[PDB]
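Shown next: run05.cif, containing mmCIF, C-alpha atoms and all ligand atoms.
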data_model
loop_
_atom_site.label_atom_id
_atom_site.label_comp_id
_atom_site.auth_asym_id
_atom_site.auth_seq_id
_atom_site.Cartn_x
_atom_site.Cartn_y
_atom_site.Cartn_z
CA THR B 1 76.00 103.06 98.53
CA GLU B 2 72.62 104.75 99.14
CA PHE B 3 69.04 104.04 100.25
CA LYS B 4 66.85 101.69 98.19
CA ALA B 5 63.15 101.07 98.85
CA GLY B 6 62.81 97.97 101.00
CA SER B 7 60.25 95.99 103.03
CA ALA B 8 58.06 98.24 105.17
CA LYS B 9 56.75 95.03 106.76
CA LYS B 10 60.18 93.89 107.94
CA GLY B 11 60.91 97.51 108.86
CA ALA B 12 57.85 97.59 111.11
CA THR B 13 59.27 94.62 113.05
CA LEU B 14 62.71 96.21 113.25
CA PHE B 15 61.18 99.39 114.68
CA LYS B 16 59.20 97.44 117.30
CA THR B 17 62.22 95.42 118.43
CA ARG B 18 65.00 98.01 118.02
CA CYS B 19 63.51 101.51 118.34
CA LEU B 20 60.26 101.44 120.31
CA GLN B 21 62.16 101.09 123.61
CA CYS B 22 63.26 104.73 123.17
CA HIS B 23 60.91 106.24 120.54
CA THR B 24 57.29 106.53 119.55
CA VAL B 25 56.33 107.42 116.01
CA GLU B 26 52.62 108.39 116.03
CA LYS B 27 51.45 112.00 115.87
CA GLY B 28 51.20 113.30 119.41
CA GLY B 29 52.97 110.23 120.79
CA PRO B 30 54.98 110.66 123.97
CA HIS B 31 58.65 111.29 124.29
CA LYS B 32 60.74 108.59 125.98
CA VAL B 33 64.49 108.30 126.43
CA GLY B 34 64.45 109.60 122.85
CA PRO B 35 62.11 112.02 121.10
CA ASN B 36 58.88 111.19 119.35
CA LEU B 37 59.67 110.78 115.64
CA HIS B 38 56.43 111.91 113.98
CA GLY B 39 57.26 114.15 111.03
CA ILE B 40 60.98 113.40 111.26
CA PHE B 41 61.50 113.29 107.50
CA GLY B 42 61.62 116.77 106.02
CA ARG B 43 62.36 118.58 109.29
CA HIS B 44 65.83 119.27 110.62
CA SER B 45 67.49 117.14 113.27
CA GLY B 46 67.21 118.07 116.92
CA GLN B 47 63.95 120.06 116.88
CA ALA B 48 61.07 117.84 118.09
CA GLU B 49 58.52 119.93 120.01
CA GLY B 50 58.75 119.43 123.76
CA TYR B 51 62.09 117.55 123.83
CA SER B 52 65.51 118.94 124.74
CA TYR B 53 68.54 117.22 123.21
CA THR B 54 72.18 116.67 124.10
CA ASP B 55 74.80 119.10 122.82
CA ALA B 56 74.88 117.03 119.61
CA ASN B 57 72.24 119.33 118.14
CA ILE B 58 74.51 122.38 118.28
CA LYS B 59 77.45 120.38 116.84
CA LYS B 60 75.59 118.50 114.08
CA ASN B 61 72.61 119.32 111.87
CA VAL B 62 70.99 117.43 108.99
CA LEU B 63 67.73 117.68 107.08
CA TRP B 64 66.66 114.08 107.59
CA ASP B 65 66.16 112.03 104.45
CA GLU B 66 66.49 108.35 103.54
CA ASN B 67 70.21 108.60 102.76
CA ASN B 68 71.56 110.44 105.78
CA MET B 69 69.31 108.54 108.17
CA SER B 70 70.71 105.32 106.71
CA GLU B 71 74.24 106.55 107.45
CA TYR B 72 73.15 107.67 110.95
CA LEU B 73 71.65 104.29 111.80
CA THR B 74 74.96 102.50 111.18
CA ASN B 75 76.17 103.94 114.50
CA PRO B 76 73.94 106.43 116.34
CA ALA B 77 76.01 106.14 119.52
CA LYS B 78 78.98 107.94 118.01
CA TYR B 79 76.88 111.14 117.92
CA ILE B 80 76.02 110.94 121.64
CA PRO B 81 78.44 113.17 123.60
CA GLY B 82 80.60 111.02 125.86
CA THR B 83 80.53 107.75 123.89
CA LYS B 84 83.91 108.39 122.30
CA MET B 85 85.59 109.47 125.52
CA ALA B 86 84.14 106.49 127.44
CA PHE B 87 86.79 103.96 126.30
CA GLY B 88 89.66 106.42 125.98
CA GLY B 89 88.72 108.48 122.94
CA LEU B 90 90.79 111.63 122.42
CA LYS B 91 89.12 114.27 120.23
CA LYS B 92 92.23 116.43 119.76
CA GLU B 93 94.86 115.18 117.32
CA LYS B 94 97.52 116.83 119.49
CA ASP B 95 96.29 114.85 122.52
CA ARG B 96 96.52 111.58 120.59
CA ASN B 97 100.04 112.54 119.50
CA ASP B 98 101.08 113.27 123.08
CA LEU B 99 99.49 110.10 124.45
CA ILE B 100 101.05 107.88 121.79
CA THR B 101 104.49 109.49 122.15
CA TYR B 102 104.29 108.63 125.87
CA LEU B 103 102.85 105.15 125.38
CA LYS B 104 105.63 104.25 122.95
CA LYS B 105 108.21 104.85 125.69
CA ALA B 106 106.19 103.62 128.66
CA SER B 107 105.23 100.31 127.03
CA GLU B 108 108.69 99.41 125.74
CA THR I 1 96.69 113.37 108.67
CA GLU I 2 99.14 111.10 110.53
CA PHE I 3 101.09 110.79 113.78
CA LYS I 4 103.71 113.41 114.69
CA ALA I 5 106.05 113.17 117.69
CA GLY I 6 104.51 115.09 120.58
CA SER I 7 104.91 115.72 124.32
CA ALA I 8 105.58 112.52 126.25
CA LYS I 9 105.13 114.61 129.40
CA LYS I 10 101.59 115.69 128.50
CA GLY I 11 100.99 112.15 127.24
CA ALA I 12 101.94 110.74 130.65
CA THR I 13 99.20 112.89 132.23
CA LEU I 14 96.67 111.87 129.59
CA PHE I 15 97.42 108.20 130.26
CA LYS I 16 97.02 108.65 134.03
CA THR I 17 93.69 110.48 133.70
CA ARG I 18 92.20 108.70 130.67
CA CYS I 19 93.66 105.17 130.45
CA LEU I 20 94.90 103.99 133.83
CA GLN I 21 91.34 103.29 135.01
CA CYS I 22 91.30 100.32 132.60
CA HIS I 23 94.97 99.63 131.69
CA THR I 24 98.40 99.23 133.18
CA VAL I 25 101.48 99.67 131.04
CA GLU I 26 104.46 98.24 132.99
CA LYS I 27 105.99 94.85 132.20
CA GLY I 28 104.15 92.25 134.23
CA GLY I 29 101.49 94.75 135.26
CA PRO I 30 98.02 93.41 135.98
CA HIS I 31 95.10 93.24 133.66
CA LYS I 32 92.05 95.34 134.55
CA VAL I 33 88.85 95.97 132.63
CA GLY I 34 91.31 96.20 129.73
CA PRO I 35 94.54 94.34 129.06
CA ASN I 36 97.99 95.31 130.21
CA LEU I 37 99.65 97.26 127.38
CA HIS I 38 103.33 96.41 127.84
CA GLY I 39 104.87 95.66 124.45
CA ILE I 40 101.76 96.78 122.58
CA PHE I 41 103.70 98.44 119.76
CA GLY I 42 105.04 95.87 117.32
CA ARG I 43 102.69 93.06 118.36
CA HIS I 44 99.30 92.42 116.82
CA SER I 45 96.06 93.55 118.41
CA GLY I 46 94.13 91.24 120.68
CA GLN I 47 96.95 88.97 121.90
CA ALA I 48 98.07 90.08 125.39
CA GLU I 49 99.14 87.06 127.46
CA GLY I 50 96.54 86.08 130.05
CA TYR I 51 93.66 88.25 128.74
CA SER I 52 90.68 87.13 126.67
CA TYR I 53 89.06 89.74 124.43
CA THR I 54 85.63 90.42 122.97
CA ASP I 55 84.77 89.09 119.51
CA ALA I 56 86.41 92.25 118.11
CA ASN I 57 89.69 90.35 117.86
CA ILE I 58 88.31 87.86 115.34
CA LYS I 59 86.66 90.67 113.31
CA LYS I 60 89.54 93.19 113.35
CA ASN I 61 93.33 92.88 113.40
CA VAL I 62 96.09 95.49 113.21
CA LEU I 63 99.82 95.53 113.86
CA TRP I 64 99.80 98.44 116.29
CA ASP I 65 101.84 101.47 115.29
CA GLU I 66 101.62 105.21 115.91
CA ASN I 67 99.29 105.83 112.96
CA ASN I 68 96.64 103.18 113.43
CA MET I 69 96.59 103.63 117.20
CA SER I 70 95.95 107.34 116.60
CA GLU I 71 92.97 106.44 114.41
CA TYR I 72 91.79 103.90 117.01
CA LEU I 73 91.91 106.41 119.86
CA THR I 74 89.50 108.76 118.07
CA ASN I 75 86.70 106.33 118.99
CA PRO I 76 87.63 103.02 120.65
CA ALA I 77 84.01 102.34 121.62
CA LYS I 78 82.94 101.73 118.04
CA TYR I 79 85.08 98.55 118.03
CA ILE I 80 83.38 97.15 121.15
CA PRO I 81 80.62 94.71 120.09
CA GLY I 82 77.24 96.09 121.11
CA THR I 83 78.05 99.82 121.10
CA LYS I 84 76.55 100.36 117.67
CA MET I 85 73.40 98.36 118.37
CA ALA I 86 72.88 100.10 121.74
CA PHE I 87 71.19 103.23 120.31
CA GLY I 88 69.55 101.54 117.34
CA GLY I 89 72.48 100.73 115.06
CA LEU I 90 71.67 98.38 112.18
CA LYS I 91 74.70 96.60 110.71
CA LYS I 92 72.93 95.27 107.60
CA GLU I 93 72.25 97.75 104.80
CA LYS I 94 69.10 95.79 103.95
CA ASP I 95 67.86 96.22 107.55
CA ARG I 96 68.41 99.98 107.38
CA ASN I 97 66.53 100.06 104.07
CA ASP I 98 63.61 98.14 105.55
CA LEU I 99 63.51 100.25 108.71
CA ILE I 100 63.64 103.53 106.81
CA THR I 101 61.01 102.43 104.28
CA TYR I 102 58.72 101.72 107.25
CA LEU I 103 59.62 104.87 109.19
CA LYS I 104 58.88 107.05 106.17
CA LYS I 105 55.27 105.80 106.16
CA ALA I 106 54.79 105.46 109.91
CA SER I 107 56.06 108.96 110.72
CA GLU I 108 54.08 110.79 108.03
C1 LIG R 201 65.76 102.21 115.88
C2 LIG R 201 66.68 101.71 114.73
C3 LIG R 201 65.98 103.73 116.14
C4 LIG R 201 65.72 104.69 115.25
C5 LIG R 201 65.15 104.65 113.80
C6 LIG R 201 66.07 105.93 115.86
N1 LIG R 201 66.52 105.68 117.15
FE1 LIG R 201 67.09 107.07 118.48
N2 LIG R 201 67.58 108.48 119.81
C7 LIG R 201 67.77 108.25 121.17
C8 LIG R 201 68.13 109.50 121.77
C9 LIG R 201 68.42 109.60 123.30
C10 LIG R 201 68.11 110.45 120.84
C11 LIG R 201 68.45 111.96 121.01
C12 LIG R 201 69.98 112.17 120.98
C13 LIG R 201 70.54 113.49 121.45
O1 LIG R 201 69.77 114.21 122.15
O2 LIG R 201 71.73 113.77 121.12
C14 LIG R 201 67.75 109.82 119.57
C15 LIG R 201 67.65 110.47 118.35
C16 LIG R 201 67.18 109.85 117.21
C17 LIG R 201 66.90 110.52 115.96
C18 LIG R 201 67.07 112.03 115.73
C19 LIG R 201 65.76 112.75 116.17
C20 LIG R 201 65.63 114.21 115.81
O3 LIG R 201 64.64 114.82 116.31
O4 LIG R 201 66.52 114.68 115.08
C21 LIG R 201 66.44 109.60 115.11
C22 LIG R 201 66.00 109.81 113.63
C23 LIG R 201 66.42 108.33 115.79
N3 LIG R 201 66.89 108.51 117.09
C24 LIG R 201 65.98 107.15 115.23
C25 LIG R 201 67.67 107.05 121.82
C26 LIG R 201 67.49 105.83 121.22
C27 LIG R 201 67.51 104.54 121.88
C28 LIG R 201 67.70 104.41 123.44
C29 LIG R 201 68.58 103.24 123.90
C30 LIG R 201 67.29 103.58 120.95
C31 LIG R 201 67.19 102.05 121.08
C32 LIG R 201 67.12 104.28 119.68
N4 LIG R 201 67.25 105.64 119.85
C33 LIG R 201 66.85 103.62 118.49
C34 LIG R 201 66.48 104.33 117.36
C1 LIG R 202 93.57 105.84 127.11
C2 LIG R 202 93.52 106.88 125.95
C3 LIG R 202 93.46 104.38 126.55
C4 LIG R 202 94.35 103.82 125.73
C5 LIG R 202 95.70 104.35 125.13
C6 LIG R 202 93.89 102.51 125.44
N1 LIG R 202 92.70 102.30 126.12
FE1 LIG R 202 91.64 100.60 126.12
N2 LIG R 202 90.64 98.86 126.16
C7 LIG R 202 89.61 98.57 127.04
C8 LIG R 202 89.14 97.24 126.74
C9 LIG R 202 87.97 96.60 127.55
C10 LIG R 202 89.87 96.75 125.75
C11 LIG R 202 89.73 95.37 125.06
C12 LIG R 202 88.60 95.41 124.00
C13 LIG R 202 88.07 94.10 123.45
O1 LIG R 202 88.33 93.07 124.12
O2 LIG R 202 87.41 94.16 122.37
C14 LIG R 202 90.85 97.77 125.36
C15 LIG R 202 91.78 97.64 124.35
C16 LIG R 202 92.77 98.58 124.12
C17 LIG R 202 93.87 98.43 123.18
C18 LIG R 202 94.10 97.17 122.33
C19 LIG R 202 94.93 96.15 123.16
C20 LIG R 202 95.47 94.95 122.43
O3 LIG R 202 96.01 94.05 123.14
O4 LIG R 202 95.32 94.94 121.19
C21 LIG R 202 94.62 99.53 123.26
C22 LIG R 202 95.90 99.85 122.45
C23 LIG R 202 94.02 100.41 124.23
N3 LIG R 202 92.87 99.81 124.74
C24 LIG R 202 94.53 101.64 124.59
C25 LIG R 202 89.10 99.39 128.02
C26 LIG R 202 89.44 100.71 128.21
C27 LIG R 202 88.83 101.62 129.15
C28 LIG R 202 87.68 101.15 130.13
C29 LIG R 202 86.55 102.16 130.36
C30 LIG R 202 89.43 102.82 129.03
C31 LIG R 202 89.21 104.15 129.78
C32 LIG R 202 90.45 102.66 128.01
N4 LIG R 202 90.45 101.38 127.51
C33 LIG R 202 91.31 103.69 127.64
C34 LIG R 202 92.41 103.43 126.82
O1 LIG R 203 84.30 110.92 109.44
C1 LIG R 203 84.54 110.85 108.06
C2 LIG R 203 83.27 111.16 107.33
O2 LIG R 203 82.88 112.56 107.63
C3 LIG R 203 81.74 113.01 106.80
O3 LIG R 203 80.62 112.28 107.15
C4 LIG R 203 79.76 113.09 107.99
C5 LIG R 203 78.57 113.54 107.21
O4 LIG R 203 78.96 114.45 106.14
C6 LIG R 203 77.60 114.25 108.09
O5 LIG R 203 76.46 114.67 107.32
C7 LIG R 203 77.17 113.32 109.21
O6 LIG R 203 76.24 113.96 110.01
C8 LIG R 203 75.35 113.07 110.66
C9 LIG R 203 74.69 113.84 111.83
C10 LIG R 203 73.58 112.98 112.49
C11 LIG R 203 72.73 113.92 113.38
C12 LIG R 203 72.24 113.15 114.64
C13 LIG R 203 71.31 114.04 115.49
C14 LIG R 203 70.60 113.16 116.53
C15 LIG R 203 69.77 113.94 117.55
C16 LIG R 203 70.38 115.26 118.06
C17 LIG R 203 71.34 116.00 117.12
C18 LIG R 203 72.14 115.13 116.16
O7 LIG R 203 78.34 112.93 110.05
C19 LIG R 203 79.38 112.27 109.23
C20 LIG R 203 80.59 112.06 110.09
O8 LIG R 203 80.20 111.49 111.31
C21 LIG R 203 82.01 112.81 105.30
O9 LIG R 203 80.83 113.20 104.56
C22 LIG R 203 82.34 111.39 105.01
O10 LIG R 203 82.67 111.24 103.59
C23 LIG R 203 83.49 110.92 105.83
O11 LIG R 203 83.67 109.50 105.60
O1 LIG R 204 84.65 103.17 107.75
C1 LIG R 204 85.32 103.81 106.70
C2 LIG R 204 86.80 103.63 106.88
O2 LIG R 204 87.11 102.19 106.78
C3 LIG R 204 88.57 101.94 106.75
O3 LIG R 204 89.10 102.30 107.98
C4 LIG R 204 89.36 101.10 108.76
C5 LIG R 204 90.83 100.83 108.80
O4 LIG R 204 91.32 100.48 107.48
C6 LIG R 204 91.12 99.70 109.72
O5 LIG R 204 92.53 99.45 109.75
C7 LIG R 204 90.62 100.03 111.12
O6 LIG R 204 90.92 99.01 111.98
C8 LIG R 204 91.07 99.43 113.33
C9 LIG R 204 90.96 98.17 114.23
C10 LIG R 204 91.26 98.53 115.70
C11 LIG R 204 91.50 97.20 116.47
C12 LIG R 204 90.98 97.34 117.93
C13 LIG R 204 91.29 96.05 118.73
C14 LIG R 204 91.06 96.35 120.22
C15 LIG R 204 91.17 95.11 121.13
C16 LIG R 204 90.57 93.81 120.57
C17 LIG R 204 90.54 93.64 119.04
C18 LIG R 204 90.39 94.93 118.23
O7 LIG R 204 89.14 100.23 111.10
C19 LIG R 204 88.75 101.31 110.16
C20 LIG R 204 87.26 101.33 110.06
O8 LIG R 204 86.72 101.32 111.36
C21 LIG R 204 89.27 102.74 105.65
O9 LIG R 204 90.69 102.51 105.73
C22 LIG R 204 88.99 104.20 105.80
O10 LIG R 204 89.61 104.94 104.70
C23 LIG R 204 87.53 104.47 105.83
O11 LIG R 204 87.33 105.87 106.11
CL CL R 205 92.13 119.04 116.16
CL CL R 206 75.64 94.31 104.21
#
Turn this file's structure into structure tokens for me.
Amino acid sequence: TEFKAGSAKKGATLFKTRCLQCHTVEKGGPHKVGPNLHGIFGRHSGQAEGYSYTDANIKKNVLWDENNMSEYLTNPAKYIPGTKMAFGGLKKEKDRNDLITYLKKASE
Amino acid sequence: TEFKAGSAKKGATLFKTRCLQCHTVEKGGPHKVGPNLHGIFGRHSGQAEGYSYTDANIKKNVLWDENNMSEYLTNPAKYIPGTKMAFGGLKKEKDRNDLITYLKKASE
């Protein structure tokens, strides 16, 4: 399902405990590991002034709104280049086919 | 789409360069960061003798075959507990609603 208006008060606590380590939100606030998020809604992803992103922002692009940010926050790590390869991820279907054809024989 | 028989020879090289760092495949081979994979096809996930898994193996369970291992190898990290939370992931839809309701106000 989709976004439904919730508790800004609980959301303030979630931001402090889950986001502030890598993001500020106030206008003119500093970048950290992640970019300052002022004005994030209504602008496109990957364009904060003064911050340079991973290659994700030439592979993906959204106009942030409540719905697609809700989907994003289920698993932001999967959009970081390298996360999938870290524990053996194989982007190419043909590579997974080759690996599995081998593993079927090698593990028998 | 689904699994199609591929190149065991290319798959052998993929295993050596992408899997061997954390897995052995031979019968009686040692565990490493990950479990030995002998006999993996046809047994259920999360049951290698002598290895104790993350909580993933009480949340997820498959009978490994070519198809579901192909899906798994697109992104194994997303099944490791903690990966999603690491960069701000919020499992509960109500938490994402609360966060986003706050962020909409705080970032304006
Ligand atoms: C707490 C739940 C959050 C929220 C609401 C967001 N993050 Fe992060 N984030 C981090 C990094 C390194 C990036 C850039 C990624 C890249 O360059 O590929 C981001 C990006 C975002 C965005 C997109 C910003 C844009 O300008 O498009 C958004 C909306 C976002 N984040 C929200 C790093 C981190 C963390 C470091 C461990 C943590 C924790 C979070 N983010 C948590 C959150
Ligand atoms: C190279 C592409 C591969 C392949 C084919 C597999 N892996 Fe891994 N793996 C690792 C860990 C720590 C685990 C256990 C996770 C947990 O306890 O939650 C696994 C698990 C697997 C399985 C499931 C095994 C089972 O008994 O059900 C399979 C089929 C599998 N892997 C295949 C760790 C790593 C790595 C450490 C960085 C790397 C690299 C890989 N795995 C790569 C691969
Ligand atoms: O993988 C299967 C899914 O693919 C699509 O979902 C897309 C969505 O359509 C697509 O809009 C979404 O994009 C999210 C991009 C998030 C941008 C993150 C930015 C962060 C900072 C730097 C640049 C990137 O990615 C999803 C896949 O990861 C389909 O829409 C879904 O129906 C389908 O379930
Ligand atoms: O998230 C949306 C998707 O959900 C389902 O896909 C499931 C599959 O049905 C489901 O079979 C699959 O399970 C994979 C579990 C991999 C087990 C990994 C083990 C490794 C070692 C320790 C225990 C776990 O997880 C997928 C979701 O992550 C649906 O089937 C899909 O159609 C749908 O696109
Ligand atoms: Cl492809
Ligand atoms: Cl829920």
Check: What is the distance, in Å and to one decimal place, between CA of residue 31 in chain I and atom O2 of ligand LIG 202 (chain R)?
Finding: 13.7 Å
Least-squares align chain I to chain B using all Cα atoms paired by position, then dump the moved coordinates as a JSON list (two decimals) with C-alpha atoms, in the coordinates of the input.
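Writing the result to part04.json gives the following:
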[["chain", "number", "residue", "atom", "x", "y", "z"],
["I", 1, "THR", "CA", 75.99, 103.06, 98.53],
["I", 2, "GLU", "CA", 72.62, 104.75, 99.15],
["I", 3, "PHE", "CA", 69.04, 104.04, 100.24],
["I", 4, "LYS", "CA", 66.85, 101.69, 98.19],
["I", 5, "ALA", "CA", 63.15, 101.07, 98.85],
["I", 6, "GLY", "CA", 62.80, 97.97, 101.01],
["I", 7, "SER", "CA", 60.25, 95.99, 103.03],
["I", 8, "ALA", "CA", 58.06, 98.23, 105.17],
["I", 9, "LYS", "CA", 56.75, 95.03, 106.76],
["I", 10, "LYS", "CA", 60.18, 93.89, 107.94],
["I", 11, "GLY", "CA", 60.91, 97.51, 108.86],
["I", 12, "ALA", "CA", 57.84, 97.59, 111.12],
["I", 13, "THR", "CA", 59.27, 94.62, 113.05],
["I", 14, "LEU", "CA", 62.71, 96.21, 113.25],
["I", 15, "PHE", "CA", 61.18, 99.39, 114.67],
["I", 16, "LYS", "CA", 59.20, 97.44, 117.29],
["I", 17, "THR", "CA", 62.23, 95.42, 118.43],
["I", 18, "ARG", "CA", 65.00, 98.01, 118.02],
["I", 19, "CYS", "CA", 63.50, 101.51, 118.34],
["I", 20, "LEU", "CA", 60.27, 101.44, 120.31],
["I", 21, "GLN", "CA", 62.16, 101.09, 123.61],
["I", 22, "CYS", "CA", 63.26, 104.73, 123.17],
["I", 23, "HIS", "CA", 60.91, 106.25, 120.54],
["I", 24, "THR", "CA", 57.29, 106.53, 119.55],
["I", 25, "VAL", "CA", 56.33, 107.42, 116.01],
["I", 26, "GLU", "CA", 52.62, 108.39, 116.03],
["I", 27, "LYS", "CA", 51.44, 112.00, 115.87],
["I", 28, "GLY", "CA", 51.20, 113.30, 119.41],
["I", 29, "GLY", "CA", 52.97, 110.23, 120.79],
["I", 30, "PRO", "CA", 54.98, 110.66, 123.97],
["I", 31, "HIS", "CA", 58.65, 111.30, 124.29],
["I", 32, "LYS", "CA", 60.74, 108.59, 125.97],
["I", 33, "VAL", "CA", 64.48, 108.31, 126.43],
["I", 34, "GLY", "CA", 64.44, 109.60, 122.85],
["I", 35, "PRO", "CA", 62.11, 112.02, 121.11],
["I", 36, "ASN", "CA", 58.89, 111.19, 119.35],
["I", 37, "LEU", "CA", 59.67, 110.78, 115.63],
["I", 38, "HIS", "CA", 56.44, 111.91, 113.98],
["I", 39, "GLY", "CA", 57.26, 114.15, 111.02],
["I", 40, "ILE", "CA", 60.98, 113.41, 111.26],
["I", 41, "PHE", "CA", 61.50, 113.29, 107.50],
["I", 42, "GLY", "CA", 61.62, 116.78, 106.02],
["I", 43, "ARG", "CA", 62.36, 118.58, 109.29],
["I", 44, "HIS", "CA", 65.83, 119.27, 110.62],
["I", 45, "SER", "CA", 67.48, 117.14, 113.28],
["I", 46, "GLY", "CA", 67.21, 118.07, 116.92],
["I", 47, "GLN", "CA", 63.95, 120.06, 116.88],
["I", 48, "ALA", "CA", 61.07, 117.85, 118.10],
["I", 49, "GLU", "CA", 58.52, 119.93, 120.01],
["I", 50, "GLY", "CA", 58.75, 119.43, 123.77],
["I", 51, "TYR", "CA", 62.09, 117.55, 123.83],
["I", 52, "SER", "CA", 65.51, 118.94, 124.73],
["I", 53, "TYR", "CA", 68.53, 117.21, 123.21],
["I", 54, "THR", "CA", 72.18, 116.67, 124.10],
["I", 55, "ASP", "CA", 74.80, 119.11, 122.83],
["I", 56, "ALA", "CA", 74.88, 117.03, 119.62],
["I", 57, "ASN", "CA", 72.24, 119.33, 118.14],
["I", 58, "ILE", "CA", 74.51, 122.38, 118.28],
["I", 59, "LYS", "CA", 77.46, 120.38, 116.84],
["I", 60, "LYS", "CA", 75.59, 118.50, 114.08],
["I", 61, "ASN", "CA", 72.61, 119.32, 111.87],
["I", 62, "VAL", "CA", 71.00, 117.43, 108.99],
["I", 63, "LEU", "CA", 67.73, 117.68, 107.08],
["I", 64, "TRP", "CA", 66.66, 114.08, 107.59],
["I", 65, "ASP", "CA", 66.16, 112.02, 104.45],
["I", 66, "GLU", "CA", 66.49, 108.35, 103.54],
["I", 67, "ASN", "CA", 70.21, 108.60, 102.76],
["I", 68, "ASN", "CA", 71.56, 110.44, 105.77],
["I", 69, "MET", "CA", 69.31, 108.54, 108.17],
["I", 70, "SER", "CA", 70.72, 105.31, 106.71],
["I", 71, "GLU", "CA", 74.24, 106.56, 107.45],
["I", 72, "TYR", "CA", 73.15, 107.67, 110.94],
["I", 73, "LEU", "CA", 71.64, 104.29, 111.80],
["I", 74, "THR", "CA", 74.96, 102.50, 111.18],
["I", 75, "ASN", "CA", 76.17, 103.94, 114.50],
["I", 76, "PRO", "CA", 73.94, 106.43, 116.34],
["I", 77, "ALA", "CA", 76.01, 106.14, 119.52],
["I", 78, "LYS", "CA", 78.98, 107.94, 118.02],
["I", 79, "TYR", "CA", 76.87, 111.14, 117.92],
["I", 80, "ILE", "CA", 76.02, 110.94, 121.64],
["I", 81, "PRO", "CA", 78.45, 113.17, 123.60],
["I", 82, "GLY", "CA", 80.60, 111.02, 125.86],
["I", 83, "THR", "CA", 80.53, 107.75, 123.89],
["I", 84, "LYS", "CA", 83.91, 108.39, 122.30],
["I", 85, "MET", "CA", 85.59, 109.47, 125.52],
["I", 86, "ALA", "CA", 84.14, 106.49, 127.44],
["I", 87, "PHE", "CA", 86.79, 103.96, 126.30],
["I", 88, "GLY", "CA", 89.65, 106.42, 125.98],
["I", 89, "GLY", "CA", 88.71, 108.48, 122.93],
["I", 90, "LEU", "CA", 90.79, 111.63, 122.42],
["I", 91, "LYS", "CA", 89.12, 114.27, 120.23],
["I", 92, "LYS", "CA", 92.23, 116.44, 119.76],
["I", 93, "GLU", "CA", 94.86, 115.18, 117.32],
["I", 94, "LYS", "CA", 97.52, 116.84, 119.49],
["I", 95, "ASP", "CA", 96.29, 114.85, 122.52],
["I", 96, "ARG", "CA", 96.52, 111.58, 120.59],
["I", 97, "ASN", "CA", 100.04, 112.53, 119.50],
["I", 98, "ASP", "CA", 101.08, 113.27, 123.07],
["I", 99, "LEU", "CA", 99.49, 110.10, 124.44],
["I", 100, "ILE", "CA", 101.06, 107.88, 121.79],
["I", 101, "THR", "CA", 104.49, 109.49, 122.16],
["I", 102, "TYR", "CA", 104.29, 108.63, 125.87],
["I", 103, "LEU", "CA", 102.85, 105.14, 125.38],
["I", 104, "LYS", "CA", 105.62, 104.24, 122.95],
["I", 105, "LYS", "CA", 108.21, 104.85, 125.69],
["I", 106, "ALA", "CA", 106.19, 103.62, 128.65],
["I", 107, "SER", "CA", 105.22, 100.31, 127.03],
["I", 108, "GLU", "CA", 108.69, 99.41, 125.74]]
Item checked: Close residues, residue 20 in chain B itself excluded, 12 Å, only C-alpha atoms, min 6 positions apart in chain, as number ranges by chain -> B: 12-14, 26, 29-37; I: 87-88, 103
Could you write those residues out with C-alpha atoms, as a compact mmCIF listing (two decimals), keeping the file's coordinate frame?
# COMPACT_ATOMS: atom_id res chain seq x y z
CA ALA B 12 57.85 97.59 111.11
CA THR B 13 59.27 94.62 113.05
CA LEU B 14 62.71 96.21 113.25
CA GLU B 26 52.62 108.39 116.03
CA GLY B 29 52.97 110.23 120.79
CA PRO B 30 54.98 110.66 123.97
CA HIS B 31 58.65 111.29 124.29
CA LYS B 32 60.74 108.59 125.98
CA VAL B 33 64.49 108.30 126.43
CA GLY B 34 64.45 109.60 122.85
CA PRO B 35 62.11 112.02 121.10
CA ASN B 36 58.88 111.19 119.35
CA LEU B 37 59.67 110.78 115.64
CA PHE I 87 71.19 103.23 120.31
CA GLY I 88 69.55 101.54 117.34
CA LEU I 103 59.62 104.87 109.19
Margin query: Measuring between only C-alpha atoms and all ligand atoms, which one of B:44, B:52, B:74, B:81 shows the shortest distance to ligand LIG 204 (chain R)?
Written below: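 Of the candidates, the smallest distance to ligand LIG 204 (chain R) is held by B:74.
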Margin query: Counting only C-alpha atoms and all ligand atoms, which residue out of B:38, B:96, B:18, B:78 sits closest to ligand LIG 201 (chain R)?
Written below: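 Answer, going by the shortest atom-to-atom distance: B:18.
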Next item on the list: Residues within 6 Å of ligand LIG 202 (chain R), counting only C-alpha atoms and all ligand atoms: report them as a PyMOL selection string.
Entry: (chain B and resi 86-89) or (chain I and resi 15+18-19+21-22+33-34+45-48+53-54+56+80)
Margin query: Need to verify the contact set: residue 43 in chain I, 7 Å, only C-alpha atoms, exclusion of same-chain residues closer than 2 positions in sequence. Can you return it as JSON, numbers by chain?
Written below: {"I": [39, 40, 41, 45, 63, 64]}
What would the file look like if the residues just selected were written as an mmCIF file, keeping the file's coordinate frame with C-alpha atoms?
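The resulting file, selection.cif, is reproduced below:
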data_model
loop_
_atom_site.group_PDB
_atom_site.id
_atom_site.type_symbol
_atom_site.label_atom_id
_atom_site.label_comp_id
_atom_site.auth_asym_id
_atom_site.auth_seq_id
_atom_site.Cartn_x
_atom_site.Cartn_y
_atom_site.Cartn_z
ATOM 1 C CA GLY I 39 104.870 95.660 124.450
ATOM 2 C CA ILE I 40 101.760 96.780 122.580
ATOM 3 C CA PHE I 41 103.700 98.440 119.760
ATOM 4 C CA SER I 45 96.060 93.550 118.410
ATOM 5 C CA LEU I 63 99.820 95.530 113.860
ATOM 6 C CA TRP I 64 99.800 98.440 116.290
#
Notebook entry, point to check: When the cut-off is 10 Å and you count only C-alpha atoms and all ligand atoms, which residues lie near ligand CL 206 (chain R), shown as an MDAnalysis selection string?
Noted result: chainID I and resid 90:96
